[PDB]
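> First the structure, which I've put down as structure tokens, then a few questions once you've had a look.
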Amino acid sequence: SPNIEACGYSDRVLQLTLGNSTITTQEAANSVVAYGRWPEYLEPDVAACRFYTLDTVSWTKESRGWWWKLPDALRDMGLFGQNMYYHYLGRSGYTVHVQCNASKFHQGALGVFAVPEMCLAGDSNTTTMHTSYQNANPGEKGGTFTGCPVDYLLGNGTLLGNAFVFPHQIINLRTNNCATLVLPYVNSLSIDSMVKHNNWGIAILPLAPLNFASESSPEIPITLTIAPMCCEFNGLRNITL
Amino acid sequence: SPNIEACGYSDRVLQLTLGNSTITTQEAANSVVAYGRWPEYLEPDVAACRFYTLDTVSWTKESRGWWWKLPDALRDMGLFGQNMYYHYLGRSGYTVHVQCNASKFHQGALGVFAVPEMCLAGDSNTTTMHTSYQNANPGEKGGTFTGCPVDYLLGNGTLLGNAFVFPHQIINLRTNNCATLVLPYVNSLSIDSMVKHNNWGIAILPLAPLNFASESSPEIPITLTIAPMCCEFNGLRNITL
Amino acid sequence: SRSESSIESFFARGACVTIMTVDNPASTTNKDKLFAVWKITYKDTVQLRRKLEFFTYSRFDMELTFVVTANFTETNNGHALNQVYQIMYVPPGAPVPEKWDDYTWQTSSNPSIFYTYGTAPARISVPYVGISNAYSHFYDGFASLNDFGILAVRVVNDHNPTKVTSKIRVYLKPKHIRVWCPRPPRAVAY
Amino acid sequence: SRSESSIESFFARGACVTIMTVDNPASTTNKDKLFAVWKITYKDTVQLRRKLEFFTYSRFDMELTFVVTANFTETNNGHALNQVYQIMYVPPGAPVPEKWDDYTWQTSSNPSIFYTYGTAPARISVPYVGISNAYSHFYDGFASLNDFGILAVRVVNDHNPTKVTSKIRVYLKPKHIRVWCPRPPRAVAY
Amino acid sequence: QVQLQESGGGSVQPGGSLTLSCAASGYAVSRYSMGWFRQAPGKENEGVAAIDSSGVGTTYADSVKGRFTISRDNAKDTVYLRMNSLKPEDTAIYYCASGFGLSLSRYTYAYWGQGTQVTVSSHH
Amino acid sequence: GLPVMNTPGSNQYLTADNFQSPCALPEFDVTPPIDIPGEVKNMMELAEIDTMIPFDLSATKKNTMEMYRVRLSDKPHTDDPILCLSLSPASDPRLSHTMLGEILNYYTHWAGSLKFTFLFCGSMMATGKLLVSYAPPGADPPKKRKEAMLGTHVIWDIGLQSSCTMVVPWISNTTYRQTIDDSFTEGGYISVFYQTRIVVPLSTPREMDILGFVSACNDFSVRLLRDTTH
Amino acid sequence: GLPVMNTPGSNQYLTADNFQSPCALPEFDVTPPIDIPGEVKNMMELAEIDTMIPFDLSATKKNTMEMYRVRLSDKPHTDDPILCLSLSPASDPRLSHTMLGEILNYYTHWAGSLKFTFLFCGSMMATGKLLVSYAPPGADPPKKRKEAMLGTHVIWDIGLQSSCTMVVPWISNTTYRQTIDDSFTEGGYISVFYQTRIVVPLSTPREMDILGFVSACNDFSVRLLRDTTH
């Protein structure tokens with residue numbers, strides 16, 4: 001689906017500086033808008049709309065994959081976590097940026113899938129949700145697939161090969177080191193409870209296995225930076241403390 | 001149906017030269033368009049649209065008749081046979097030219113019938129086709145009727161007398177020595193497989209018996225020359241060899 | 001003057017094409033087993049067939065009409081309520097129904113008509129469902145003909161102590177019909 | 001050219017969604033006790049369900065049609081007059097009927113349809129009754145799905161010496177339907 | 001669609017032989033061809049023999065070339081794997097599959113089988 | 001609703017109706033037509049096509065090749081016709097088997113002129129003279145040339161032109177001539193006669209044939225669609 | 001009232017009708033829609049979306065991760081194809097499981113071109129040359145490069161561009177190509193071949209994969225809504 005061929009190596013470094021935060025993107029070009037819709041409006045504004053970096057996870061030959069939930073992931077991130085927790089409402093878009101660096105000597109391909117309403121493994125259609133609020137919500141450390149989400153079934157009862165129906169990019173080691181996904185707010189309502197319902201599902205699975213020459217780094221790292229876009233919350237409620 | 005009276009003997013010789021090929025027609029006039037439609041388009045062009053002569057057959061007092069299939073007949077003819085065989089598709093019109101020469105001393109009448117979808121003898125309507133691909137397709141040597149096509153039933157379960165519903169000409173020894181039939185492509189589809197399906201059916205039966213005076217030629221010969229018209233084939237497939 | 005002899009007006013008649021036989025036993029009468037399947041072809045009757053055979057090809061909007069008659073079989077004073085029938089047209093080359101039970105009979109895509117007995121006979125329009133530009137009356141090359149799908153009919157009401165025999169008569173009126181090359185008619189029997 | 005493949009035309013079919021079973025005993029047959037209650041869901045059949053599952057969300061005007069068939073059970077020569085049925089659509093989350101007697105069955109606010117047997121099957125339109133902007137095929141967060149109310153059916157005529165079994169078939173035609181995000185289909189069984 | 005069953009599988013001896021066969025379903029073997037893959041336990045699929053139906057011309061892997069044979073009968077709807085001069089390595093999980101043709105290539109085969117195990121060196 | 005009233009006819013299925021009905025497959029992408037040569041607009045068009053008459057349906061000659069062969073033999077100058085045919089297109093075994101007659105087996109009436117064409121199939125070098133004659137409805141079959149000579153007729157010279165067309169005018173009582181099997185419907189009489197006796201060149205087989213064709217005309221019509229099949 | 005007449009069809013319920021019916025809840029305040037991204041207008045739109053092909057459905061590889069992995073191994077320069085696929089989107093077990101094929105399981109016909117895209121997933125530093133080839137309906141599966149080279153084909157250089165799109169033109173007889181399970185429907189042949197043999201830099205694992213994607217085109221259509229479910 002993502003049959004692109006930017007350049008291959010590295011050309012120019014253009015750093016995104018949104019408020020206090022500062023990413024130095026590989027370039028910046030090769031970004032995918034989900035369904036062709038930029039996030040929009042239906043209060044820390046520019047102060048709260050800044051990319052927060054989650055924890056770095058280790059990609060090794062045996063990795064099955066990883067998954068995250070939005071808003072959930074960024075529930076501990078300063079200004080965004082707060083306005084999220086001190087409001088009954090909240091809707092917001094996201095700029096997902098997944099960086100995966102290596103060399104001219106590694107190989108493989110990661111698929112970064114952004115799935116709306118990504119319910120995970122519990123074939124119990126006679127009842128979704130299932131897994132306790134704490135299990136389904138792993139926050140910033142994220143959850144992992146296994147050969148409890150089954151990788152080839154994208155952990156939801158649907159063969160991986162078709163996951164390309166959801167917006168996505170493929171980080172292919174020989175081409176790009178970054179994937180960029182602008183995801184607008186997707187839900188059945190104008191605005192809803194951020195604490196209870198998870199808007200999107202960031203999925204990253206080994207579409208090709210990792211292979212390094214002779215002896216180098218035994219494993220390589222991947223990073224996810226997520227930025228809230230057009231975030232509003234109603235209504236200035238409690239300020240407990 | 002063909003109640004014409006050109007001249008009788010011979011007037012002028014006008015030779016048709018289409019590419020490498022060269023016929024010297026009796027005249028040229030007295031040609032019948034099938035249903036009033038000239039062949040037309042929906043790549044050896046002028047190189048492949050040239051009259052190829054089939055084998056000459058012997059007409060004797062006991063002849064029951066003869067039949068041929070198109071495209072089938074011309075399946076061995078250079079450029080047309082090739083483009084026919086190296087393509088899944090193919091549609092094309094034909095200029096059928098049947099020459100039957102004698103003298104002012106022979107007598108009889110041959111009916112040259114051009115029948116679309118001319119399925120032959122196998123009263124098995126609960127199943128046409130019947131006769132193996134090889135039997136039904138005799139190529140250039142052609143097939144013969146018998147007193148397995150039955151002559152008066154035009155070998156298809158329908159009394160000969162009505163065969164005049166299909167386009168046709170009658171070579172009557174006292175009048176014309178030639179029959180000319182421009183037949184456009186007739187099928188249920190825009191374009192179809194030439195190898196599998198036979199478009200037309202050239203039929204030649206003794207409508208009047210042959211009679212020669214005292215002692216002359218014990219038999220006379222008839223010839224069929226067929227020319228492809230507006231032939232296209234899709235799509236440049238295999239070139240095996 | 002010649003209007004009543006034109007193609008449309010030559011075929012503008014409804015002709016019987018078949019007589020499907022079903023039943024409502026209270027037991028094991030699996031031959032009908034409430035259902036009958038009929039492969040839609042003109043070739044079963046002769047009047048409609050010959051009328052269509054004077055030509056080689058034809059495009060035709062096909063309008064069917066279903067007359068259903070019922071009757072009690074066993075000389076019994078047993079009763080029954082007015083029955084409902086299901087007449088399905090299964091679009092050309094689709095799963096063929098066997099048992100009156102099976103999934104196929106839930107036809108997500110195929111049409112279906114419920115006919116309450118005692119009212120005006122059933123009626124549906126099927127457009128030119130040809131796979132080709134024309135239907136081939138006679139076919140040459142290398143029967144199945146063209147194919148017009150199949151008709152399945154069952155009694156929907158459940159097993160009633162009093163067994164009821166039924167007969168669905170099908171009528172085919174080809175409408176907005178055109179034809180192509182003309183062959184001499186079939187003199188003899190088919 | 002692609003009209004017969006558009007969303008409206010993909011779902012423009014009536015599909016069986018359930019088969020309610022009621023009866024008219026002259027005694028204590030409390031299992032049906034003349035009534036049956038059915039929770040309106042697409043999830044009971046499979047053909048309609050999978051067709052709707054290729055998507056995550058959808059707005060749809062829902063048009064139901066009710067075919068009612070009847071029959072005598074006991075091998076008796078007993079009679080009965082043409083019966084009337086009551087089919088109620090109880091709007092999403094309202095008092096659920098138990099007994100065929102109770103107040104709820106007087107539905108000041110809920111709709112109701114009386115269907116005389118022997119005529120053209122029943123038919124009602126229910127607009128997009130979603131509580132949200134869209135119906136959620138699959139739902140995430142913290143089944144009940146969305147809810148489409150419930151259907152209750154009873155024989156209104158009173159207890160007739162001759163027991164009569166009935167079956168109400170429900171058909172759901174989603175009309176003026178729109179959908180949203182697309183997920184890969186359910187490969188396996190549900 | 002087509003479900004062809006792997007027959008003839010059994011535990012033999014070193015230097016020995018064994019006949020294998022797969023009967024058609026869904027279609028007449030004659031159009032698709034048929035071949036065999038011996039995925040040695042813990043290693044990848046390993047090609048051995050392939051033959052075309054309506055155009056007989058056999059292809060063997062070099063590790064089993066000369067010794068191993070393959071044949072076909074389109075009339076009995078079965079494919080015949082003739083394994084000769086079997087050795088201790090020739091102990092693998094055998095498989096028959098239908099492809100296009102006639103080309104031992106990890107795949108280029110559609111419908112496979114269940115897996116028949118031929119333990120050649122059964123005796124120590 | 002709107003006050004309505006069911007009248008006689010309701011609930012009846014008239015085989016010959018012309019009513020609209022619900023389309024079993026909504027929005028089906030119908031495959032469009034292509035102009036295949038030979039469309040047919042009306043049935044009377046098929047009759048205007050010349051078709052070969054099986055003049056000699058004798059015991060051995062009917063149902064075989066020679067049923068279409070009229071052999072100029074070698075008999076007396078006895079005016080005894082060299083073929084007679086009753087123009088009772090339906091009520092005469094010969095005319096009934098031509099395309100013309102075949103269409104004339106699906107209606108109760110016909111009107112208009114017909115045309116008999118004959119193609120001489122004899123050895124160029126031969127000559128002589130023939131006379132094809134007509135005799136309007138009612139009259140006794142003209143048995144002597146002298147008689148046939150009185151009715152509408154054309155002198156067909158063999159030597160000159162091989163073919164001869166003799167149109168049968170529409171001479172009849174009623175507006176629509178009965179196409180059914182009537183006692184003795186009339187009914188023309190197309191028949192050729194030995195005007196002379198065949199001249200032969202050197203040593204030709206001396207016996208040749210003539211074929212016959214029949215067809216309707218643009219003024220030919222039919223009504224009251226009747227039938228039969230078995 | 002107004003004279004009326006019930007005709008055939010009355011009282012019947014046609015599952016596929018399009019009639020109006022009485023609204024069970026008059027004046028209900030329907031909740032208005034919101035423009036949620038990703039509306040779908042037609043089903044053929046879903047096929048135009050590129051989807052991953054499970055090329056290797058071998059006994060152990062079908063129904064798991066590696067069914068999507070095409071491993072460039074290390075075997076002889078024997079032209080024996082490095083993947084062959086019958087473009088019988090329905091009548092071939094592999095193509096049938098892509099979104100494309102899935103839609104192609106609800107109709108009787110399809111027409112138009114398809115496009116096979118391949119993404120090379122091998123260690124940057126490596127090179128070599130491959131050839132993806134097509135072979136129109138009917139022809140024997142091209143078993144030698146030399147053969148495949150004759151049909152429509154593109155030389156896909158690994159070194160240069162990681163991805164390669166090879167459109168399968170719509171070369172076929174009929175207007176609508178049969179989407180059903182036919183004996184031997186035709187039916188293209190997309191297959192890659194070792195134009196050369198993989199060049200490897202210093203000490204790469206030497207075995208890498210390629211993925212495959214399939215999708216319909218804007219000229220792709222379907223008719224006669226068929227089905228099945230169990």
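Residue names in the structure tokens use chain letters A, B, ... in the order shown, residue numbers from 1 in each chain, and ligand numbers from 1 in the order shown.
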Compute the chain G side of the contact with chain B at 9 Å, counting only C-alpha atoms, and hand it back as a list in words.

residues 135, 136, 137, 138, 139, 142, 147, 148, 150, 151, 152, 171, 172, 173, 174 and 175 of chain G

> Kindly save the residues from that selection, with N, CA, C and O atoms included, as a PDB file, in the first residue's frame.


ATOM      1  N   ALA G 135       1.845 -13.885 -18.416  1.00  0.00           N
ATOM      2  CA  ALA G 135       1.606 -14.760 -19.564  1.00  0.00           C
ATOM      3  C   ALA G 135       0.115 -14.887 -19.698  1.00  0.00           C
ATOM      4  O   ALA G 135      -0.530 -15.514 -18.863  1.00  0.00           O
ATOM      5  N   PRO G 136      -0.442 -14.271 -20.749  1.00  0.00           N
ATOM      6  CA  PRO G 136      -1.867 -14.279 -21.010  1.00  0.00           C
ATOM      7  C   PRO G 136      -2.560 -15.622 -20.946  1.00  0.00           C
ATOM      8  O   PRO G 136      -1.929 -16.660 -21.109  1.00  0.00           O
ATOM      9  N   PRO G 137      -3.867 -15.586 -20.687  1.00  0.00           N
ATOM     10  CA  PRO G 137      -4.748 -16.699 -20.621  1.00  0.00           C
ATOM     11  C   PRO G 137      -4.491 -17.839 -21.603  1.00  0.00           C
ATOM     12  O   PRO G 137      -4.364 -17.591 -22.801  1.00  0.00           O
ATOM     13  N   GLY G 138      -4.414 -19.064 -21.085  1.00  0.00           N
ATOM     14  CA  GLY G 138      -4.241 -20.277 -21.893  1.00  0.00           C
ATOM     15  C   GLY G 138      -2.892 -20.948 -21.957  1.00  0.00           C
ATOM     16  O   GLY G 138      -2.806 -22.175 -21.826  1.00  0.00           O
ATOM     17  N   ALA G 139      -1.852 -20.138 -22.164  1.00  0.00           N
ATOM     18  CA  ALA G 139      -0.469 -20.608 -22.282  1.00  0.00           C
ATOM     19  C   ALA G 139       0.008 -21.445 -21.097  1.00  0.00           C
ATOM     20  O   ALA G 139      -0.434 -21.246 -19.959  1.00  0.00           O
ATOM     21  N   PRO G 142       5.139 -20.724 -18.007  1.00  0.00           N
ATOM     22  CA  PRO G 142       6.511 -20.570 -18.510  1.00  0.00           C
ATOM     23  C   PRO G 142       7.484 -21.035 -17.450  1.00  0.00           C
ATOM     24  O   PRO G 142       7.643 -20.370 -16.421  1.00  0.00           O
ATOM     25  N   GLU G 147      11.461 -18.390 -21.480  1.00  0.00           N
ATOM     26  CA  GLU G 147      10.043 -18.353 -21.824  1.00  0.00           C
ATOM     27  C   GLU G 147       9.394 -17.128 -21.222  1.00  0.00           C
ATOM     28  O   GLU G 147       8.882 -16.287 -21.956  1.00  0.00           O
ATOM     29  N   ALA G 148       9.438 -17.024 -19.893  1.00  0.00           N
ATOM     30  CA  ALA G 148       8.857 -15.895 -19.162  1.00  0.00           C
ATOM     31  C   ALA G 148       9.277 -14.527 -19.727  1.00  0.00           C
ATOM     32  O   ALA G 148       8.505 -13.549 -19.689  1.00  0.00           O
ATOM     33  N   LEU G 150       9.666 -13.798 -22.795  1.00  0.00           N
ATOM     34  CA  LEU G 150       8.852 -13.487 -23.976  1.00  0.00           C
ATOM     35  C   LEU G 150       7.545 -12.712 -23.687  1.00  0.00           C
ATOM     36  O   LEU G 150       7.177 -11.813 -24.455  1.00  0.00           O
ATOM     37  N   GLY G 151       6.855 -13.051 -22.593  1.00  0.00           N
ATOM     38  CA  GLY G 151       5.617 -12.368 -22.224  1.00  0.00           C
ATOM     39  C   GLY G 151       5.878 -11.008 -21.600  1.00  0.00           C
ATOM     40  O   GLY G 151       7.032 -10.624 -21.369  1.00  0.00           O
ATOM     41  N   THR G 152       4.799 -10.275 -21.335  1.00  0.00           N
ATOM     42  CA  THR G 152       4.879  -8.951 -20.708  1.00  0.00           C
ATOM     43  C   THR G 152       5.680  -9.158 -19.417  1.00  0.00           C
ATOM     44  O   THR G 152       5.359 -10.053 -18.626  1.00  0.00           O
ATOM     45  N   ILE G 171      -6.437  -8.631 -20.477  1.00  0.00           N
ATOM     46  CA  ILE G 171      -6.390  -9.384 -21.746  1.00  0.00           C
ATOM     47  C   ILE G 171      -7.311 -10.570 -21.492  1.00  0.00           C
ATOM     48  O   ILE G 171      -7.002 -11.454 -20.684  1.00  0.00           O
ATOM     49  N   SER G 172      -8.455 -10.558 -22.173  1.00  0.00           N
ATOM     50  CA  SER G 172      -9.473 -11.597 -22.025  1.00  0.00           C
ATOM     51  C   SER G 172     -10.489 -11.592 -23.164  1.00  0.00           C
ATOM     52  O   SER G 172     -10.640 -10.589 -23.860  1.00  0.00           O
ATOM     53  N   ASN G 173     -11.187 -12.720 -23.324  1.00  0.00           N
ATOM     54  CA  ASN G 173     -12.193 -12.901 -24.371  1.00  0.00           C
ATOM     55  C   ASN G 173     -13.493 -12.114 -24.179  1.00  0.00           C
ATOM     56  O   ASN G 173     -13.767 -11.142 -24.896  1.00  0.00           O
ATOM     57  N   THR G 174     -14.277 -12.559 -23.202  1.00  0.00           N
ATOM     58  CA  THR G 174     -15.569 -11.990 -22.856  1.00  0.00           C
ATOM     59  C   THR G 174     -15.433 -10.621 -22.198  1.00  0.00           C
ATOM     60  O   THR G 174     -14.349 -10.233 -21.732  1.00  0.00           O
ATOM     61  N   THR G 175     -16.550  -9.898 -22.186  1.00  0.00           N
ATOM     62  CA  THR G 175     -16.650  -8.569 -21.578  1.00  0.00           C
ATOM     63  C   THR G 175     -16.450  -8.650 -20.055  1.00  0.00           C
ATOM     64  O   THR G 175     -15.737  -7.834 -19.461  1.00  0.00           O
TER      65      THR G 175
END

> Please report, as a ChimeraX atom specification, each residue of stretch 64-179 of chain B to which DSSP assigns strand (DSSP E) when run on this structure's backbone.

/B:66-70,91-100,106-116,168-172,178-179

> Could you build a table of the residues in chain D lying no more than 8 Å from chain A, giving for each the nearest pair of atoms and their separation in Å rounded to one decimal place, using only C-alpha atoms, ordered by chain and ascending residue number, as a Markdown table?


| residue | atom | partner | partner_atom | distance |
| --- | --- | --- | --- | --- |
| D:57 | CA | A:188 | CA | 7.7 |
| D:132 | CA | A:188 | CA | 5.8 |
| D:133 | CA | A:188 | CA | 5.3 |
| D:134 | CA | A:188 | CA | 5.3 |
| D:135 | CA | A:188 | CA | 7.5 |
| D:136 | CA | A:188 | CA | 7.4 |
| D:138 | CA | A:128 | CA | 7.7 |
| D:139 | CA | A:128 | CA | 6.6 |
| D:140 | CA | A:119 | CA | 5.1 |
| D:141 | CA | A:197 | CA | 4.7 |
| D:142 | CA | A:129 | CA | 5.4 |
| D:143 | CA | A:127 | CA | 3.8 |
| D:144 | CA | A:127 | CA | 7.6 |
| D:181 | CA | A:116 | CA | 7.6 |
| D:182 | CA | A:165 | CA | 6.8 |
| D:183 | CA | A:165 | CA | 6.6 |
| D:184 | CA | A:162 | CA | 5.6 |
| D:185 | CA | A:158 | CA | 6.3 |
| D:186 | CA | A:158 | CA | 5.7 |
| D:187 | CA | A:158 | CA | 6.3 |
| D:188 | CA | A:157 | CA | 7.7 |
| D:190 | CA | A:125 | CA | 7.6 |

> What is the distance between atom CA of residue C:170 and atom CA of residue C:95, in Å to one decimal?

21.4 Å

> Can you work out which one of D:63, D:74, D:98, D:4 has the shortest atom-to-atom distance to chain C, counting only C-alpha atoms?

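Of D:63, D:74, D:98, D:4, the one nearest chain C is D:74, counting only C-alpha atoms.
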
> Would you mind listing, as a PyMOL selection string, all residues of chain C that have at least one atom within 8 Å of chain G, where only C-alpha atoms are what counts?

chain C and resi 65+91+94-95+103-104+107-116+119-124+131-132

> Could you write those residues out with N, CA and C atoms, as a CSV table (one decimal), in the first residue's frame?


chain,number,residue,atom,x,y,z
C,65,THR,N,-44.5,-16.0,-14.1
C,65,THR,CA,-45.8,-16.0,-13.3
C,65,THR,C,-46.0,-17.4,-12.7
C,91,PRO,N,-30.1,-17.2,-8.9
C,91,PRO,CA,-29.4,-16.6,-10.0
C,91,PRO,C,-28.3,-17.5,-10.6
C,94,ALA,N,-25.3,-20.8,-8.9
C,94,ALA,CA,-25.1,-20.5,-7.5
C,94,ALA,C,-25.3,-21.8,-6.7
C,95,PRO,N,-25.1,-21.8,-5.4
C,95,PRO,CA,-25.3,-23.1,-4.7
C,95,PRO,C,-26.7,-23.7,-5.0
C,103,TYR,N,-28.6,-24.4,4.8
C,103,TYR,CA,-28.3,-23.0,4.7
C,103,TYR,C,-28.7,-22.2,3.5
C,104,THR,N,-28.4,-22.8,2.3
C,104,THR,CA,-28.6,-22.2,1.0
C,104,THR,C,-30.0,-21.5,0.9
C,107,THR,N,-30.5,-17.7,1.5
C,107,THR,CA,-30.1,-16.8,0.4
C,107,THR,C,-29.7,-15.3,0.5
C,108,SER,N,-28.8,-15.0,1.4
C,108,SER,CA,-28.4,-13.6,1.5
C,108,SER,C,-28.5,-12.8,0.2
C,109,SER,N,-28.0,-13.3,-0.9
C,109,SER,CA,-28.0,-12.6,-2.2
C,109,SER,C,-29.1,-13.0,-3.2
C,110,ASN,N,-29.5,-14.3,-3.2
C,110,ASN,CA,-30.5,-14.7,-4.1
C,110,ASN,C,-31.9,-14.2,-3.7
C,111,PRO,N,-32.8,-13.9,-4.8
C,111,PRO,CA,-34.1,-13.5,-4.5
C,111,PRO,C,-34.9,-14.6,-3.9
C,112,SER,N,-36.2,-14.3,-3.5
C,112,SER,CA,-37.1,-15.2,-2.9
C,112,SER,C,-38.5,-14.5,-2.9
C,113,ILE,N,-39.5,-15.4,-3.1
C,113,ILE,CA,-40.9,-14.9,-3.1
C,113,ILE,C,-41.8,-15.8,-2.2
C,114,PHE,N,-42.5,-15.1,-1.3
C,114,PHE,CA,-43.4,-15.9,-0.5
C,114,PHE,C,-44.8,-15.6,-1.1
C,115,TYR,N,-45.5,-16.7,-1.3
C,115,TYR,CA,-46.8,-16.7,-2.0
C,115,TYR,C,-47.8,-17.3,-1.1
C,116,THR,N,-48.8,-16.4,-0.7
C,116,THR,CA,-49.8,-17.0,0.2
C,116,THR,C,-50.8,-17.5,-0.8
C,119,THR,N,-54.6,-16.2,-3.3
C,119,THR,CA,-54.5,-14.9,-4.0
C,119,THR,C,-54.1,-14.9,-5.5
C,120,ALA,N,-53.8,-13.8,-6.0
C,120,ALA,CA,-53.4,-13.7,-7.4
C,120,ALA,C,-52.1,-14.3,-7.6
C,121,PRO,N,-52.0,-15.3,-8.6
C,121,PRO,CA,-50.7,-15.9,-8.9
C,121,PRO,C,-49.5,-15.0,-8.9
C,122,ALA,N,-48.3,-15.5,-8.4
C,122,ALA,CA,-47.0,-14.8,-8.3
C,122,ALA,C,-46.4,-14.3,-9.6
C,123,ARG,N,-45.6,-13.2,-9.5
C,123,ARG,CA,-45.0,-12.7,-10.7
C,123,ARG,C,-43.7,-11.9,-10.5
C,124,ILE,N,-42.6,-12.3,-11.2
C,124,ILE,CA,-41.3,-11.6,-11.2
C,124,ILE,C,-40.6,-11.4,-12.5
C,131,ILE,N,-24.7,-14.2,-20.2
C,131,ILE,CA,-23.3,-14.0,-19.9
C,131,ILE,C,-22.6,-13.5,-21.1
C,132,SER,N,-23.3,-13.6,-22.3
C,132,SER,CA,-22.9,-13.2,-23.6
C,132,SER,C,-23.7,-12.0,-24.1

> What separation in Å, quoted to one decimal, exists between atom CA of residue F:153 and atom CA of residue F:210?

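According to the coordinates, atom CA of residue F:153 and atom CA of residue F:210 are separated by 17.8 Å.
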
> Any idea what's packed within 10 Å of residue E:25, counting only C-alpha atoms, ignoring anything in its chain fewer than 3 positions away? Could you give it as a PyMOL selection string?

chain E and resi 1-5+22+28-29+77

> Please build the interface table for chain G against chain F with a cut-off of 6 Å, listing for each qualifying residue the nearest atom pair and the distance in Å to one decimal; count only C-alpha atoms, order rows by chain and increasing number, and write it as JSON lines.


{"residue": "G:1", "atom": "CA", "partner": "F:4", "partner_atom": "CA", "distance": 4.0}
{"residue": "G:2", "atom": "CA", "partner": "F:4", "partner_atom": "CA", "distance": 4.7}
{"residue": "G:3", "atom": "CA", "partner": "F:5", "partner_atom": "CA", "distance": 4.9}
{"residue": "G:4", "atom": "CA", "partner": "F:6", "partner_atom": "CA", "distance": 4.9}
{"residue": "G:5", "atom": "CA", "partner": "F:10", "partner_atom": "CA", "distance": 4.8}
{"residue": "G:6", "atom": "CA", "partner": "F:10", "partner_atom": "CA", "distance": 4.6}
{"residue": "G:7", "atom": "CA", "partner": "F:11", "partner_atom": "CA", "distance": 5.5}

> Please list as a list in words every residue within 7 Å of residue G:122, counting only C-alpha atoms and excluding residues in the same chain fewer than 4 positions away.

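Here the qualifying residues turn out to be residues 107 and 108 of chain A; 208 and 209 of chain G.
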
> State, in Å with one decimal place, the distance from atom CA of residue G:66 to atom CA of residue A:154.

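Going from atom CA of residue G:66 over to atom CA of residue A:154 covers 14.1 Å.
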
> Counting only C-alpha atoms, a student should be able to say which residues of chain D come within 12 Å of chain C; what is the right answer, written as a PyMOL selection string?

chain D and resi 4-5+9-18+21+45-52+65-83+117-121+162+164-169+171-173

> Set the cut-off to 10 Å and count only C-alpha atoms: what are the residues of chain G that reach chain E? Output as a PyMOL selection string.

chain G and resi 55-62+70-71+73+75-76+78-86+91-94+140-143+181-184+191

> Stretch 45-228 of chain B: which residues are alpha helix (DSSP H) by DSSP, as a ChimeraX atom specification?

/B:78-85,133-136

> For residue G:205, list every protein, DNA or RNA residue within 9 Å, evaluated using only C-alpha atoms, and leave out those in the same chain fewer than 5 positions away; present the list as a count of residues only.

5
